[PDB]
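Coordinates from input-v9.pdb are shown below (PDB, C-alpha atoms and all ligand atoms).
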ATOM      1  CA  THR A   1      -3.672 -21.086   4.273
ATOM      2  CA  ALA A   2      -2.252 -19.300   1.232
ATOM      3  CA  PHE A   3      -3.953 -17.555  -1.677
ATOM      4  CA  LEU A   4      -2.623 -18.146  -5.175
ATOM      5  CA  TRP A   5      -4.305 -16.342  -8.075
ATOM      6  CA  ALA A   6      -3.597 -14.153 -11.085
ATOM      7  CA  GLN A   7      -5.537 -11.057 -12.112
ATOM      8  CA  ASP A   8      -5.420  -8.287 -14.697
ATOM      9  CA  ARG A   9      -5.256  -4.548 -14.024
ATOM     10  CA  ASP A  10      -9.056  -4.201 -14.199
ATOM     11  CA  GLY A  11      -9.632  -6.987 -11.656
ATOM     12  CA  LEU A  12     -10.987  -9.863 -13.748
ATOM     13  CA  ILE A  13      -9.713 -13.411 -13.270
ATOM     14  CA  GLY A  14     -10.939 -14.763 -16.577
ATOM     15  CA  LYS A  15     -13.813 -16.625 -18.178
ATOM     16  CA  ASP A  16     -15.458 -19.738 -16.774
ATOM     17  CA  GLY A  17     -12.585 -19.894 -14.280
ATOM     18  CA  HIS A  18      -9.981 -20.552 -16.980
ATOM     19  CA  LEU A  19      -7.257 -17.942 -17.459
ATOM     20  CA  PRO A  20      -8.044 -16.317 -20.881
ATOM     21  CA  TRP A  21      -4.553 -14.818 -21.070
ATOM     22  CA  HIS A  22      -1.663 -17.076 -22.120
ATOM     23  CA  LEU A  23       1.288 -16.134 -19.939
ATOM     24  CA  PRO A  24       3.576 -19.212 -19.767
ATOM     25  CA  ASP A  25       5.621 -17.187 -17.270
ATOM     26  CA  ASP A  26       2.818 -16.539 -14.781
ATOM     27  CA  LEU A  27       1.529 -20.089 -15.359
ATOM     28  CA  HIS A  28       4.991 -21.415 -14.519
ATOM     29  CA  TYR A  29       4.871 -19.420 -11.297
ATOM     30  CA  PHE A  30       1.590 -21.050 -10.201
ATOM     31  CA  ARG A  31       2.878 -24.541 -10.967
ATOM     32  CA  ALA A  32       6.174 -23.948  -9.153
ATOM     33  CA  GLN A  33       4.439 -22.646  -6.014
ATOM     34  CA  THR A  34       2.232 -25.756  -5.810
ATOM     35  CA  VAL A  35       5.237 -28.088  -5.813
ATOM     36  CA  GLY A  36       5.762 -29.929  -2.562
ATOM     37  CA  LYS A  37       2.828 -28.098  -0.975
ATOM     38  CA  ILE A  38      -0.858 -28.758  -0.359
ATOM     39  CA  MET A  39      -3.242 -27.001  -2.749
ATOM     40  CA  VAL A  40      -7.034 -26.786  -2.844
ATOM     41  CA  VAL A  41      -9.031 -26.403  -6.058
ATOM     42  CA  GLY A  42     -12.719 -25.684  -6.512
ATOM     43  CA  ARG A  43     -14.966 -27.796  -8.752
ATOM     44  CA  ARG A  44     -14.906 -25.182 -11.495
ATOM     45  CA  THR A  45     -11.139 -25.326 -11.167
ATOM     46  CA  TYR A  46     -11.108 -29.080 -11.686
ATOM     47  CA  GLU A  47     -12.528 -28.434 -15.170
ATOM     48  CA  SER A  48     -10.479 -25.258 -15.728
ATOM     49  CA  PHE A  49      -7.177 -26.947 -14.831
ATOM     50  CA  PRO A  50      -4.949 -27.870 -17.819
ATOM     51  CA  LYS A  51      -3.914 -31.334 -16.587
ATOM     52  CA  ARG A  52      -4.478 -33.111 -13.265
ATOM     53  CA  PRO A  53      -3.328 -34.447 -11.005
ATOM     54  CA  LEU A  54       0.162 -33.004 -10.464
ATOM     55  CA  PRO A  55       3.213 -35.192  -9.634
ATOM     56  CA  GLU A  56       4.938 -34.995  -6.247
ATOM     57  CA  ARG A  57       2.154 -32.692  -5.077
ATOM     58  CA  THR A  58      -1.007 -32.907  -2.973
ATOM     59  CA  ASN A  59      -4.093 -31.613  -4.822
ATOM     60  CA  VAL A  60      -7.566 -31.400  -3.266
ATOM     61  CA  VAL A  61     -10.923 -30.862  -5.044
ATOM     62  CA  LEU A  62     -13.400 -28.852  -2.942
ATOM     63  CA  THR A  63     -17.083 -28.530  -3.858
ATOM     64  CA  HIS A  64     -20.238 -27.166  -2.197
ATOM     65  CA  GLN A  65     -22.237 -30.298  -2.986
ATOM     66  CA  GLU A  66     -21.105 -33.808  -2.044
ATOM     67  CA  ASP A  67     -22.742 -35.098  -5.239
ATOM     68  CA  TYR A  68     -19.690 -33.903  -7.166
ATOM     69  CA  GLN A  69     -16.558 -36.044  -7.338
ATOM     70  CA  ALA A  70     -13.022 -35.370  -8.553
ATOM     71  CA  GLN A  71     -10.105 -37.461  -9.787
ATOM     72  CA  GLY A  72      -6.493 -36.750  -8.907
ATOM     73  CA  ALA A  73      -7.406 -34.435  -6.032
ATOM     74  CA  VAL A  74      -8.930 -35.293  -2.643
ATOM     75  CA  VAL A  75     -12.580 -34.383  -2.572
ATOM     76  CA  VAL A  76     -13.748 -32.471   0.492
ATOM     77  CA  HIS A  77     -17.179 -30.895   0.919
ATOM     78  CA  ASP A  78     -16.534 -29.714   4.492
ATOM     79  CA  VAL A  79     -15.031 -26.259   5.026
ATOM     80  CA  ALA A  80     -13.853 -27.310   8.469
ATOM     81  CA  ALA A  81     -12.369 -30.492   6.988
ATOM     82  CA  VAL A  82     -10.161 -28.495   4.609
ATOM     83  CA  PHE A  83      -8.695 -26.542   7.526
ATOM     84  CA  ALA A  84      -8.150 -29.728   9.505
ATOM     85  CA  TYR A  85      -6.419 -31.386   6.563
ATOM     86  CA  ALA A  86      -3.868 -28.562   6.387
ATOM     87  CA  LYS A  87      -3.556 -28.745  10.166
ATOM     88  CA  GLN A  88      -2.697 -32.434   9.886
ATOM     89  CA  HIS A  89       0.215 -31.664   7.561
ATOM     90  CA  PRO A  90       1.979 -28.702   9.319
ATOM     91  CA  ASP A  91       5.080 -29.487   7.281
ATOM     92  CA  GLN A  92       3.239 -28.671   4.063
ATOM     93  CA  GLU A  93       1.490 -25.333   3.577
ATOM     94  CA  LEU A  94      -2.061 -25.076   2.212
ATOM     95  CA  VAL A  95      -2.687 -22.954  -0.880
ATOM     96  CA  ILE A  96      -6.065 -22.103  -2.428
ATOM     97  CA  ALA A  97      -5.864 -22.540  -6.204
ATOM     98  CA  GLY A  98      -9.404 -21.263  -6.550
ATOM     99  CA  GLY A  99     -12.052 -20.709  -7.486
ATOM    100  CA  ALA A 100     -13.348 -17.369  -6.224
ATOM    101  CA  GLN A 101     -16.192 -19.104  -4.396
ATOM    102  CA  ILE A 102     -13.549 -21.284  -2.747
ATOM    103  CA  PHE A 103     -11.397 -18.197  -2.118
ATOM    104  CA  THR A 104     -14.353 -16.413  -0.501
ATOM    105  CA  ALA A 105     -15.030 -19.361   1.782
ATOM    106  CA  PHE A 106     -11.459 -19.375   3.154
ATOM    107  CA  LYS A 107     -10.592 -15.721   2.447
ATOM    108  CA  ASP A 108     -11.400 -14.634   6.003
ATOM    109  CA  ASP A 109      -8.939 -17.084   7.561
ATOM    110  CA  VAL A 110      -5.940 -16.597   5.245
ATOM    111  CA  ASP A 111      -2.563 -15.443   6.475
ATOM    112  CA  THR A 112      -0.732 -15.238   3.124
ATOM    113  CA  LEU A 113      -2.089 -13.672  -0.094
ATOM    114  CA  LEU A 114      -0.408 -14.082  -3.506
ATOM    115  CA  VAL A 115      -1.522 -11.885  -6.416
ATOM    116  CA  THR A 116      -0.224 -11.568  -9.990
ATOM    117  CA  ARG A 117      -0.936  -8.325 -11.849
ATOM    118  CA  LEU A 118      -0.793  -7.837 -15.607
ATOM    119  CA  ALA A 119      -0.193  -4.435 -17.201
ATOM    120  CA  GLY A 120      -2.430  -5.439 -20.076
ATOM    121  CA  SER A 121      -6.155  -6.087 -19.761
ATOM    122  CA  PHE A 122      -8.462  -8.972 -20.677
ATOM    123  CA  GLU A 123     -12.242  -9.397 -20.952
ATOM    124  CA  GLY A 124     -14.219 -12.283 -19.506
ATOM    125  CA  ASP A 125     -17.445 -13.302 -17.778
ATOM    126  CA  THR A 126     -15.706 -14.143 -14.488
ATOM    127  CA  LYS A 127     -14.384 -11.519 -12.043
ATOM    128  CA  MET A 128     -12.325 -11.966  -8.856
ATOM    129  CA  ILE A 129     -14.171 -11.560  -5.555
ATOM    130  CA  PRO A 130     -13.560  -8.312  -3.617
ATOM    131  CA  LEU A 131     -10.646  -8.300  -1.172
ATOM    132  CA  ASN A 132      -9.826  -6.054   1.787
ATOM    133  CA  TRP A 133      -6.420  -4.652   0.807
ATOM    134  CA  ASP A 134      -6.356  -2.309   3.799
ATOM    135  CA  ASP A 135      -6.770  -5.237   6.224
ATOM    136  CA  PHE A 136      -3.666  -6.918   4.780
ATOM    137  CA  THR A 137      -0.239  -5.282   4.479
ATOM    138  CA  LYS A 138       2.134  -6.232   1.660
ATOM    139  CA  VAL A 139       5.292  -7.928   2.916
ATOM    140  CA  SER A 140       7.208  -8.325  -0.349
ATOM    141  CA  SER A 141       6.818  -8.292  -4.148
ATOM    142  CA  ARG A 142       8.733  -9.016  -7.376
ATOM    143  CA  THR A 143       8.451  -7.452 -10.819
ATOM    144  CA  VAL A 144       9.068  -9.310 -14.075
ATOM    145  CA  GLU A 145       8.890  -7.652 -17.496
ATOM    146  CA  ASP A 146       7.904  -9.631 -20.591
ATOM    147  CA  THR A 147       8.401  -8.691 -24.252
ATOM    148  CA  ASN A 148       4.873  -7.315 -24.508
ATOM    149  CA  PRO A 149       3.482  -4.857 -21.892
ATOM    150  CA  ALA A 150       0.309  -6.936 -21.553
ATOM    151  CA  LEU A 151       2.444 -10.021 -20.959
ATOM    152  CA  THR A 152       4.525  -8.242 -18.328
ATOM    153  CA  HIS A 153       3.394  -9.092 -14.792
ATOM    154  CA  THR A 154       4.406  -8.609 -11.170
ATOM    155  CA  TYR A 155       4.136 -10.766  -8.044
ATOM    156  CA  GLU A 156       2.940  -9.274  -4.748
ATOM    157  CA  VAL A 157       2.474 -11.047  -1.427
ATOM    158  CA  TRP A 158       0.283  -9.783   1.408
ATOM    159  CA  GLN A 159       0.264 -11.049   4.987
ATOM    160  CA  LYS A 160      -2.756 -10.635   7.252
ATOM    161  CA  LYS A 161      -2.129  -8.472  10.311
ATOM    162  CA  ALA A 162      -4.106  -8.369  13.553
TER     163      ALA A 162
HETATM  164  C1  LIG A 201      -1.335 -23.694 -15.295
HETATM  165  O1  LIG A 201      -2.458 -23.097 -15.870
HETATM  166  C2  LIG A 201      -3.419 -22.575 -15.024
HETATM  167  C3  LIG A 201      -3.095 -22.256 -13.710
HETATM  168  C4  LIG A 201      -4.064 -21.730 -12.870
HETATM  169  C5  LIG A 201      -3.736 -21.398 -11.456
HETATM  170  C6  LIG A 201      -2.967 -20.103 -11.279
HETATM  171  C7  LIG A 201      -2.283 -19.528 -12.350
HETATM  172  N1  LIG A 201      -1.575 -18.380 -12.158
HETATM  173  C8  LIG A 201      -1.541 -17.786 -10.914
HETATM  174  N2  LIG A 201      -0.836 -16.626 -10.734
HETATM  175  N3  LIG A 201      -2.215 -18.348  -9.857
HETATM  176  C9  LIG A 201      -2.923 -19.502 -10.033
HETATM  177  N4  LIG A 201      -3.590 -20.049  -8.983
HETATM  178  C10 LIG A 201      -5.345 -21.532 -13.332
HETATM  179  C11 LIG A 201      -5.672 -21.854 -14.662
HETATM  180  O2  LIG A 201      -6.960 -21.662 -15.135
HETATM  181  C12 LIG A 201      -8.004 -21.545 -14.190
HETATM  182  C13 LIG A 201      -4.702 -22.378 -15.493
HETATM  183  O3  LIG A 201      -5.016 -22.697 -16.801
HETATM  184  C14 LIG A 201      -5.210 -21.651 -17.701
END
Write the structure described by the file as structure tokens, please.
Amino acid sequence: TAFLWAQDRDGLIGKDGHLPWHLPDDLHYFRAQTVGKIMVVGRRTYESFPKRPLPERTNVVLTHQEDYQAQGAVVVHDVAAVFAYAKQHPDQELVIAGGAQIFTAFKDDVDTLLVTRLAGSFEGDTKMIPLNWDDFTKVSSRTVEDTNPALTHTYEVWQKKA
């Protein structure tokens, strides 16, 4: 399992799940990472996503209640089922596109964490769930500078150690 998300300096993800900040660069990064790999998106994500489903990619819509249904992404209401699905396709890695509730559910059993940090700050009604940084040790990171400081962002990857 892999964690793919973007956050500001303060620690907020956005509003209603949708990224309030328009960073075509960071957005490009998310899209590129989900190419040729299995990704899981929460129900809130299904509505927050810009356009689904993606081509040449495997998208999955995960919700707490089985009443909910999603188009373009496989709908799974079983936490165990999501793990098994990734297990079935060892060739393709599983990445959690969100949301935070989804992240929390699989946060404990994640080996790779991807985080995007923005120098600028944004305000919204949705904040990212707490993470244990000390438990995970950063393996590598990349820094990209945009025209505007707020726009400028960096990519950091953490791997769980035991
Ligand atoms: C491609 O656009 C979006 C992409 C994403 C996913 C996403 C973006 N950026 C990063 N760094 N990680 C992600 N998982 C979430 C969104 O909103 C929830 C988007 O629309 C604003």
task = With the file shown as input, list the residues that the PyMOL selection byres (((chain A and resi 121) around 10) and not hetatm) selects, as a list in words.
result = residues 7, 8, 9, 10, 11, 12, 21, 117, 118, 119, 120, 122, 123, 149, 150 and 151 of chain A
Could you write out the selected residues, including C-alpha atoms, as a PDB file, in the coordinates of the input?
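That gives us part_27.pdb:
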ATOM      1  CA  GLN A   7      -5.537 -11.057 -12.112  1.00  0.00           C
ATOM      2  CA  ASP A   8      -5.420  -8.287 -14.697  1.00  0.00           C
ATOM      3  CA  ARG A   9      -5.256  -4.548 -14.024  1.00  0.00           C
ATOM      4  CA  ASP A  10      -9.056  -4.201 -14.199  1.00  0.00           C
ATOM      5  CA  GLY A  11      -9.632  -6.987 -11.656  1.00  0.00           C
ATOM      6  CA  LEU A  12     -10.987  -9.863 -13.748  1.00  0.00           C
ATOM      7  CA  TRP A  21      -4.553 -14.818 -21.070  1.00  0.00           C
ATOM      8  CA  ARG A 117      -0.936  -8.325 -11.849  1.00  0.00           C
ATOM      9  CA  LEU A 118      -0.793  -7.837 -15.607  1.00  0.00           C
ATOM     10  CA  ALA A 119      -0.193  -4.435 -17.201  1.00  0.00           C
ATOM     11  CA  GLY A 120      -2.430  -5.439 -20.076  1.00  0.00           C
ATOM     12  CA  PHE A 122      -8.462  -8.972 -20.677  1.00  0.00           C
ATOM     13  CA  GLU A 123     -12.242  -9.397 -20.952  1.00  0.00           C
ATOM     14  CA  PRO A 149       3.482  -4.857 -21.892  1.00  0.00           C
ATOM     15  CA  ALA A 150       0.309  -6.936 -21.553  1.00  0.00           C
ATOM     16  CA  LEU A 151       2.444 -10.021 -20.959  1.00  0.00           C
TER      17      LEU A 151
END
ask   = Got a sec to check which residues lie within 9 Å of ligand LIG 201 (chain A), using all atoms listed in the file, and send them as number ranges by chain?
value = A: 3-7, 13-31, 33-34, 41, 44-51, 95-99, 114-117, 155
Output file for the residues above (C-alpha atoms, as a PDB file, in the coordinates of the input):
ATOM      1  CA  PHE A   3      -3.953 -17.555  -1.677  1.00  0.00           C
ATOM      2  CA  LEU A   4      -2.623 -18.146  -5.175  1.00  0.00           C
ATOM      3  CA  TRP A   5      -4.305 -16.342  -8.075  1.00  0.00           C
ATOM      4  CA  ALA A   6      -3.597 -14.153 -11.085  1.00  0.00           C
ATOM      5  CA  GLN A   7      -5.537 -11.057 -12.112  1.00  0.00           C
ATOM      6  CA  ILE A  13      -9.713 -13.411 -13.270  1.00  0.00           C
ATOM      7  CA  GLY A  14     -10.939 -14.763 -16.577  1.00  0.00           C
ATOM      8  CA  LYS A  15     -13.813 -16.625 -18.178  1.00  0.00           C
ATOM      9  CA  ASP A  16     -15.458 -19.738 -16.774  1.00  0.00           C
ATOM     10  CA  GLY A  17     -12.585 -19.894 -14.280  1.00  0.00           C
ATOM     11  CA  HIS A  18      -9.981 -20.552 -16.980  1.00  0.00           C
ATOM     12  CA  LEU A  19      -7.257 -17.942 -17.459  1.00  0.00           C
ATOM     13  CA  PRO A  20      -8.044 -16.317 -20.881  1.00  0.00           C
ATOM     14  CA  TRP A  21      -4.553 -14.818 -21.070  1.00  0.00           C
ATOM     15  CA  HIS A  22      -1.663 -17.076 -22.120  1.00  0.00           C
ATOM     16  CA  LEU A  23       1.288 -16.134 -19.939  1.00  0.00           C
ATOM     17  CA  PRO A  24       3.576 -19.212 -19.767  1.00  0.00           C
ATOM     18  CA  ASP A  25       5.621 -17.187 -17.270  1.00  0.00           C
ATOM     19  CA  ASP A  26       2.818 -16.539 -14.781  1.00  0.00           C
ATOM     20  CA  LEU A  27       1.529 -20.089 -15.359  1.00  0.00           C
ATOM     21  CA  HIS A  28       4.991 -21.415 -14.519  1.00  0.00           C
ATOM     22  CA  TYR A  29       4.871 -19.420 -11.297  1.00  0.00           C
ATOM     23  CA  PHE A  30       1.590 -21.050 -10.201  1.00  0.00           C
ATOM     24  CA  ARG A  31       2.878 -24.541 -10.967  1.00  0.00           C
ATOM     25  CA  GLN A  33       4.439 -22.646  -6.014  1.00  0.00           C
ATOM     26  CA  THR A  34       2.232 -25.756  -5.810  1.00  0.00           C
ATOM     27  CA  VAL A  41      -9.031 -26.403  -6.058  1.00  0.00           C
ATOM     28  CA  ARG A  44     -14.906 -25.182 -11.495  1.00  0.00           C
ATOM     29  CA  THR A  45     -11.139 -25.326 -11.167  1.00  0.00           C
ATOM     30  CA  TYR A  46     -11.108 -29.080 -11.686  1.00  0.00           C
ATOM     31  CA  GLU A  47     -12.528 -28.434 -15.170  1.00  0.00           C
ATOM     32  CA  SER A  48     -10.479 -25.258 -15.728  1.00  0.00           C
ATOM     33  CA  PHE A  49      -7.177 -26.947 -14.831  1.00  0.00           C
ATOM     34  CA  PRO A  50      -4.949 -27.870 -17.819  1.00  0.00           C
ATOM     35  CA  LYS A  51      -3.914 -31.334 -16.587  1.00  0.00           C
ATOM     36  CA  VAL A  95      -2.687 -22.954  -0.880  1.00  0.00           C
ATOM     37  CA  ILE A  96      -6.065 -22.103  -2.428  1.00  0.00           C
ATOM     38  CA  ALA A  97      -5.864 -22.540  -6.204  1.00  0.00           C
ATOM     39  CA  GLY A  98      -9.404 -21.263  -6.550  1.00  0.00           C
ATOM     40  CA  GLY A  99     -12.052 -20.709  -7.486  1.00  0.00           C
ATOM     41  CA  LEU A 114      -0.408 -14.082  -3.506  1.00  0.00           C
ATOM     42  CA  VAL A 115      -1.522 -11.885  -6.416  1.00  0.00           C
ATOM     43  CA  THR A 116      -0.224 -11.568  -9.990  1.00  0.00           C
ATOM     44  CA  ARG A 117      -0.936  -8.325 -11.849  1.00  0.00           C
ATOM     45  CA  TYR A 155       4.136 -10.766  -8.044  1.00  0.00           C
TER      46      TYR A 155
END
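Going from CA of residue 103 in chain A to CA of residue 128 in chain A covers 9.2 Å.
Neighbouring residues of residue 65 in chain A at 10 Å or closer, counting only C-alpha atoms and skipping chain neighbours under 6 positions away, are residues 43, 76, 77 and 78 of chain A.
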Include C-alpha atoms and write out the residues we just selected as a PDB file, keeping the file's coordinate frame.
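Output saved as part-v6.pdb:
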ATOM      1  CA  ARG A  43     -14.966 -27.796  -8.752  1.00  0.00           C
ATOM      2  CA  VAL A  76     -13.748 -32.471   0.492  1.00  0.00           C
ATOM      3  CA  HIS A  77     -17.179 -30.895   0.919  1.00  0.00           C
ATOM      4  CA  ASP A  78     -16.534 -29.714   4.492  1.00  0.00           C
TER       5      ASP A  78
END
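Residues in contact range of residue 111 in chain A, defined as at most 8 Å between only C-alpha atoms, with sequence neighbours fewer than 3 positions away removed, read residues 1, 2, 159, 160 and 161 of chain A.
Going from CA of residue 75 in chain A over to CA of residue 93 in chain A, you cover 17.8 Å.
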Filtering to N, CA, C and O atoms, could range 4-22 of chain A of the supplied structure be written out as a short mmCIF file (atom, residue, chain, number, x, y, z; two decimals), in the first residue's frame?
data_model
loop_
_atom_site.label_atom_id
_atom_site.label_comp_id
_atom_site.auth_asym_id
_atom_site.auth_seq_id
_atom_site.Cartn_x
_atom_site.Cartn_y
_atom_site.Cartn_z
N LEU A 4 -0.74 8.57 -1.20
CA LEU A 4 -0.52 9.72 -2.07
C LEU A 4 -1.45 10.86 -1.68
O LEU A 4 -2.67 10.77 -1.83
N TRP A 5 -0.89 11.95 -1.18
CA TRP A 5 -1.68 13.11 -0.78
C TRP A 5 -0.86 14.39 -0.81
O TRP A 5 0.37 14.36 -0.75
N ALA A 6 -1.53 15.53 -0.87
CA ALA A 6 -0.84 16.81 -0.85
C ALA A 6 -1.37 17.66 0.28
O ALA A 6 -2.58 17.70 0.52
N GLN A 7 -0.48 18.32 0.99
CA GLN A 7 -0.86 19.16 2.12
C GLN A 7 -0.06 20.46 2.18
O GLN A 7 1.06 20.54 1.68
N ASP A 8 -0.64 21.47 2.83
CA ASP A 8 -0.01 22.76 2.98
C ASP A 8 0.89 22.74 4.21
O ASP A 8 0.98 21.73 4.91
N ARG A 9 1.57 23.85 4.47
CA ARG A 9 2.47 23.94 5.61
C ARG A 9 1.73 23.74 6.93
O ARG A 9 2.24 23.07 7.85
N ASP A 10 0.55 24.33 7.05
CA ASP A 10 -0.25 24.22 8.27
C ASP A 10 -0.68 22.79 8.55
O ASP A 10 -0.65 22.33 9.69
N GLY A 11 -1.07 22.05 7.50
CA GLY A 11 -1.48 20.66 7.69
C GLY A 11 -2.89 20.36 7.20
O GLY A 11 -3.43 19.29 7.48
N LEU A 12 -3.47 21.29 6.46
CA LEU A 12 -4.82 21.12 5.91
C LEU A 12 -4.76 20.53 4.52
O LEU A 12 -3.87 20.87 3.74
N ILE A 13 -5.70 19.64 4.20
CA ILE A 13 -5.73 19.03 2.88
C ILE A 13 -6.56 19.86 1.91
O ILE A 13 -6.25 19.96 0.73
N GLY A 14 -7.62 20.46 2.43
CA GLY A 14 -8.48 21.28 1.61
C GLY A 14 -9.89 21.43 2.17
O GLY A 14 -10.10 21.36 3.38
N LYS A 15 -10.85 21.62 1.27
CA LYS A 15 -12.23 21.78 1.68
C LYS A 15 -13.13 20.77 0.97
O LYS A 15 -13.11 20.65 -0.26
N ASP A 16 -13.92 20.05 1.74
CA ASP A 16 -14.81 19.05 1.18
C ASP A 16 -14.04 17.99 0.41
O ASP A 16 -14.58 17.33 -0.47
N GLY A 17 -12.75 17.80 0.75
CA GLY A 17 -11.94 16.81 0.07
C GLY A 17 -11.22 17.33 -1.16
O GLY A 17 -10.16 16.83 -1.52
N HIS A 18 -11.80 18.34 -1.82
CA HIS A 18 -11.21 18.89 -3.03
C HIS A 18 -10.08 19.85 -2.70
O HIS A 18 -10.19 20.69 -1.80
N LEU A 19 -8.97 19.73 -3.44
CA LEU A 19 -7.80 20.58 -3.24
C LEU A 19 -8.13 22.04 -3.61
O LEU A 19 -8.31 22.36 -4.78
N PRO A 20 -8.22 22.94 -2.61
CA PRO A 20 -8.55 24.36 -2.85
C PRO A 20 -7.46 25.10 -3.62
O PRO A 20 -7.75 26.08 -4.33
N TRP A 21 -6.23 24.64 -3.50
CA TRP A 21 -5.12 25.27 -4.20
C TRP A 21 -4.96 24.69 -5.61
O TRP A 21 -5.06 23.47 -5.80
N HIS A 22 -4.73 25.57 -6.58
CA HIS A 22 -4.56 25.15 -7.97
C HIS A 22 -3.09 25.08 -8.35
O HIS A 22 -2.49 26.07 -8.79
#
